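What follows is one structure encoded as structure tokens, with my remarks underneath.
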Protein chains: 2
Amino acid sequence: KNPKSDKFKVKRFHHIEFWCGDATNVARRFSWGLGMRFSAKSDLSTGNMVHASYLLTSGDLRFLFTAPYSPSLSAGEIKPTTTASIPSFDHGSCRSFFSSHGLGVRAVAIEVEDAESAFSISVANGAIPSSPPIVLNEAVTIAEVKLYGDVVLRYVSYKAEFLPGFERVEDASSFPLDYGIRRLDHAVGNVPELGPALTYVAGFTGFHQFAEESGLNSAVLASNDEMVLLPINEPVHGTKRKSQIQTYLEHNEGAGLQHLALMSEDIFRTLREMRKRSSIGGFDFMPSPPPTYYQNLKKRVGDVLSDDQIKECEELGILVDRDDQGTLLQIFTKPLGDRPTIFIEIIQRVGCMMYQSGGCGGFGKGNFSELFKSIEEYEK
Amino acid sequence: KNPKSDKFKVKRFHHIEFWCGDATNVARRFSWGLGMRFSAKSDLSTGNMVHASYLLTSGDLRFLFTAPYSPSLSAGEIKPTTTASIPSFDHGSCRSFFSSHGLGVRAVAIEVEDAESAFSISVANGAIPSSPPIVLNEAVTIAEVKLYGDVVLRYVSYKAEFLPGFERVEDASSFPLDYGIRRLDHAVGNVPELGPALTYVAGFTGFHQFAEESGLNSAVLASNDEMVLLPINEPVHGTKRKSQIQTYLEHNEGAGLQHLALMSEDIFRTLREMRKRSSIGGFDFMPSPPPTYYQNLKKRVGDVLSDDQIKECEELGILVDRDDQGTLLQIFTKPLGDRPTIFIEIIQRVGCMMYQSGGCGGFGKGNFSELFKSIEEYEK
Ligand SMILES: C=CCN1CC(=O)N(C)c2ccc(C(=O)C3=C(O)CCCC3=O)c(C)c2C1=O
Ligand SMILES: C=CCN1CC(=O)N(C)c2ccc(C(=O)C3=C(O)CCCC3=O)c(C)c2C1=O
Ligand SMILES: [Co+2]
Ligand SMILES: [Co+2]
């Protein structure tokens, strides 16, 4: 069931913003690890005396990395005279965020028809305001409300490249890396209590619940066309194996973004390319399932994947799960930074063709049981 | 003249420690950019609930990257029960350092015969104590005094791998990168006033001045065998071209480490390898000199480098300077992080064979004039 209850017109995920201590080093690491090209910048070289922001792109996926400069560089500015390109930025907020949580996502940004109306309707329906609508160069409107923890949901709307005040990156600095990643499929939050978090977010967005003891309960909120997908997890306590959600909440100092799932147009190429780079600056992957897991894929998805395609999943450590409508290929990185908090998921979905409908195949919750079963089976 | 006036027995540069917001991302970026292998770790996986520290090595060069965890993880600890592997570490100090200065060097570490005696003699001769001598696992002693700004000079001495409590890195995570870098040649500080900084450091070390308007005055302090080399720069004001030392001091919020010069055993291979990676996660280099600079190298070093070797310098943008005793090949990166503060120099020295004596060929001060001359000549 999809009641299509969005309280304002939502388009697609627009970008994800990381708050960093040093944006340059995080962005360069991510660029090489994920195959994303440097596309835009806002920093001292573009007249921004407040923050350094670097944009990476792969297809429609946009990762923004932002860090504060010394406040002394902008001490004479006021908000009417700011040189910041992102008007919601605040030195103290950014330093406090990073000290509390470490490297992680500050903003989940969605493009909407009218960011001012989205903000007004959201706050009228219970959203906690974070940054009011600001019109940039009479061209783009940006507004922010609290999502969970210190993560904001950022609304962006365009009258008619990223944001005014950003400059396209010099091509010599813009190597055309591409490992096949094409868009953000979903963005997942960890919270102490799922119920109140769902009520709050669904309350101000009108997002509906998307149709679905390893230590979590989860639910998924979705926009009208189910292209914006926001799962939320809570821990399940006293499970004998400590909940990874609870570990997250401890090391993160509370609620925050758990993972970003990045859709690939060719998950086999993406994983070949990422795994080649894991130990030379890129990202590591979680330990692969035992071969019994792939010996059990024939009965589960033998009508979707050939033996060769299943063997290629086994070579790359890719997990497979299935809906009543489609099939999901997925794999998970180790944490992106020092803390056992945020990580990345690479996914590709097969089925649900009409274009492909959002969430085809689900989110892989079936792989909690199937991976445990494979592990005990391989114990043999 | 070398009075050999060291007040305690100094051996060699031991390591350089960067204080970071996220040690993982900086270390992975540096590993790929410089060709350094992951050699040791101290972090949650080794029982350290205080800080994440990752060691990169290339030859004898040791780069350590450290970031603080949430203080909550270690809130019940006291110094007698600490799980930190580096006892001088302090969450507040590290966060304050990084907020003030951004990514940069906290510790210049030299190996000495006896870190306790080096500390005592240093403080008796005016050194400002930073961290008292602490014996780690009855095997290694570490102590710290202030060098300049918030940079410390760290003394390390060994009774008889890096530090107790560090673990050798799993080989799968230890890709054997190597672009030819072999050791730290010198470490350079920027200060507002050169005179008082030289008097202070030479005062407590016994280091002697090493025998030598672009906006700086500098002098070099050296140990008895001139293998530990610590240049210090001050700005020259009112120069019509703003002093890069003054720009540093502004963006860094005061004195700090300006550059690390890394000796390569094959500077041509090192630069080929680093430049291949500049736009795919590595380091960028300063804009190369005009061809008139290389058209003028024949008269300057035509008896040291062949035409082909000069042409190879031109291909890679390498600078050349000359002493009365030897010749220096050098090149400079763009700043390592967001702020126009710290950068890296790659160098190789030719001549002064006895082993090669320290500082052979100087520090390239001749290239201020010669690069400007080449630029006006190429204006033509
Ligand atoms: C990274 C290591 C832990 N891990 C271990 C593991 O074995 N399996 C099988 C999964 C399977 C699916 C998902 C997942 O993507 C997801 C949910 O967990 C809840 C619904 C929404 C959502 O998107 C995750 C995060 C993990 C997982 O995290
Ligand atoms: C990075 C861009 C600025 N730049 C521009 C430039 O054109 N030249 C020619 C040099 C030449 C030598 C050195 C240098 O290594 C050094 C001293 O400056 C003082 C004595 C001790 C020392 O080691 C530096 C840092 C630079 C330099 O920084
Ligand atoms: Co997921
Ligand atoms: Co130098």
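Letters A, B, ... are given to chains in the order of the sequence lines, protein chains preceding strands, and every chain is numbered from 1.
- Closest heavy-atom contact between A:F13 and A:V108: CE2-CG1, 3.9 Å.
- Residues forming a ring pair (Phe, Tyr, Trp, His ring centres under 6.0 Å) with A:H251 (at least two apart in sequence, or on another chain): none.
- For B:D60, the CG atom counts as loosely surrounded, since its 6.0 Å shell holds 12 or fewer non-hydrogen atoms of other residues, nucleotides or ligands.
- Using modelled atom types, one finds a donor on one side chain and an acceptor on the other under 3.5 Å when comparing A:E253 with B:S70.
- Under the side-chain contact (heavy atoms from CB on, under 4.5 Å) rule, B:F175 has a single partner from B:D171, B:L177, B:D178, which is B:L177.
- Of all the heavy atoms in B:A67 and B:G21, the pair that sits closest is CB-O, 3.4 Å.
- Evaluation of the ring pair (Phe, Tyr, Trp, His ring centres under 6.0 Å) test over residues 44-63 of chain B, restricted to residues two or more places apart or in two chains, returns B:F18-B:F63, B:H51-B:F89.
- With hydrogens and angles ignored, the 3.5 Å screen pairs no side-chain donor or acceptor of A:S264 with any backbone N or O of A:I347.
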Before you tell me yes or no, could you show the steps for B:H15 and B:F162 under side chain to side chain contact (heavy atoms under 4.5 Å, CB included), namely the whole-Å CA-CA distance, both residues' side-chain angles and the distance that decides it to 0.1 Å? CA-CA 10 Å; B:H15 64 269; B:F162 178 62; 3.6 Å; yes
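- Taking both residues in full, the closest heavy atoms of A:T333 and A:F285 are given as CG2-CE2, 3.9 Å, listed atom of the first, atom of the second, then distance.
- Judged by distance alone, with hydrogens and angles left aside, the side-chain atoms of B:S173 form no donor-acceptor pair with the main-chain N or O of B:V169 at under 3.5 Å.
- At a threshold of 4.5 Å between non-hydrogen side-chain atoms, the residues A:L249 and A:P235 count as touching.
- Taking the side chain as every heavy atom from C-beta outward, A:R300 and A:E370 approach each other to under 4.5 Å.
- Note that the CG atom of A:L316 and the CD1 atom of A:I267 stand 8.5 Å from one another [nearest 0.5 Å].
- A:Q246 pairs by the side chain to side chain donor-acceptor pair (under 3.5 Å) definition with A:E250, not counting sequence neighbours.
- Put simply, the side chain of A:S278 gets close to the backbone of A:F283: a donor and an acceptor are under 3.5 Å apart.
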Pair A:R62, A:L55 - check side chain to side chain contact (heavy atoms under 4.5 Å, CB included), show working. CA-CA 7 Å; A:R62 301 177 183 100; A:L55 183 74; 4.0 Å; yes
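- In this structure, a donor-acceptor pair under 3.5 Å is present between the side chains of B:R37 and B:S174.
- In this structure, CD1 in B:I346 is found 4.5 Å from CG in B:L262, a value given to the nearest 0.5 Å.
- In this structure, the side chains of B:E312 and B:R272 come closer than 4.5 Å at one or more pairs of heavy atoms.
- For the pair A:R349 and A:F363, the cation-pi test (distance below 6.0 Å, angle within 45°) is passed.
- Look at A:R269 and A:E273 and you find no salt bridge, because none of the NZ, NE, NH1 or NH2 atoms lies under 4.0 Å from a carboxylate O.
- Here the two rings, on B:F30 and B:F65, have centers that are under 6.0 Å apart.
- When only modelled atom types and interatomic distance are considered, A:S218 and A:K365 share a side-chain donor-acceptor pair under 3.5 Å.
- A side-chain donor-acceptor contact under 3.5 Å links A:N296 to the backbone of A:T292.
- Taking CZ of B:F166 as the reference point, atom OG of B:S39 lies at 11.5 Å (rounded to 0.5 Å).
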Kindly indicate, with the supporting measurements, whether the criterion ring-ring contact (aromatic ring centres under 6.0 Å, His included) is fulfilled by B:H91 and B:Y69. CA-CA 8 Å; B:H91 296 273; B:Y69 292 127; 8.3 Å; no
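- Checking side-chain atoms of A:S243 against main-chain N and O of A:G215 turns up a donor-acceptor pair under 3.5 Å.
- Listed by chain and number, the residues in a ring pair (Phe, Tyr, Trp, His ring centres under 6.0 Å) with A:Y179 amount to none (sequence neighbours excluded).
- Screening residues 12-33 of chain B for salt bridge (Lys or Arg N to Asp or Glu O under 4.0 Å), with sequence neighbours left out, gives A:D284-B:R28, B:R12-B:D225, B:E17-B:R154.
- Considering CG of B:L73 and CG of B:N48, their distance stands at 10.0 Å, rounded to 0.5 Å.
- Closest heavy-atom contact between B:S53 and B:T66: OG-OG1, 2.7 Å.
- Remark: the backbone N or O of A:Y294 is not paired with any side-chain donor or acceptor of A:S374 at under 3.5 angstrom.
- Side chain of A:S31 to main chain of A:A27: no donor-acceptor pair is present (N/O by atom type, distance under 3.5 Å, no hydrogens or angles).
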Take A:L216 and A:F368, measure what side chain to side chain contact (heavy atoms under 4.5 Å, CB included) needs, and give me the verdict at the end. CA-CA 10 Å; A:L216 69 79; A:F368 288 102; 3.9 Å; yes
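- Judged purely by distance below 3.5 Å, without hydrogens or angles, the side chains of B:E345 and B:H186 pair a donor atom with an acceptor atom.
- Here the shortest heavy-atom pairing between A:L328 and A:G361 reads CB-O, 4.2 Å.
- Using cut-offs of 30° and 60° for the angle between ring planes, the B:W32 and A:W32 rings count as parallel.
- At least one side-chain heavy atom of A:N367 sits under 4.5 Å from a side-chain heavy atom of A:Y293.
- Here the side chains of B:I86 and B:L64 are in contact, with some heavy-atom distance below 4.5 Å.
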Test A:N25 against B:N25 for side chain to side chain contact (heavy atoms under 4.5 Å, CB included), laying out the working first. CA-CA 7 Å; A:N25 276 267; B:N25 276 267; 5.6 Å; no
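- When side chains are defined from C-beta on, B:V26 does not count as touching B:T24, because their heavy atoms never get closer than 4.5 Å.
- For the 3.5 Å distance criterion, the side chains of A:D308 and A:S306 fail to qualify, holding no donor opposite an acceptor.
- Residues B:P68 and B:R95 are in side-chain contact: their nearest non-hydrogen atoms beyond the backbone lie under 4.5 Å apart.
- The line from CE of A:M263 to CG of A:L329 is 11.0 Å long, rounded to the nearest 0.5 Å.
- With hydrogens and angles disregarded, a donor-acceptor distance shorter than 3.5 Å links the side chain of A:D338 to the backbone of B:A23.
- Looking at B:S74 and B:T82, their side chains never come closer than 4.5 Å, going by heavy atoms from C-beta outward.
- For the ring pair (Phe, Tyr, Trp, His ring centres under 6.0 Å) test, residues two or more places apart in sequence or in another chain that qualify with B:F97 are B:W19, B:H101.
- With no hydrogens or angles considered, a side-chain donor-acceptor pair links B:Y158 and B:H14 at under 3.5 Å.
- Minimum interatomic distance between A:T247 and A:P340 (heavy atoms only, all atoms of both residues): CG2-CG, 4.5 Å.
- A salt bridge links A:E265 with A:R182; the closest basic N to acidic carboxylate O contact falls under 4.0 Å.
- For the residue pair A:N233 and A:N190, a side-chain donor N or O sits within less than 3.5 Å of a side-chain acceptor on the partner.
- For the atom pair SG of B:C20 and CZ of B:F98, the computed distance is 7.0 Å after rounding to the nearest 0.5 Å.
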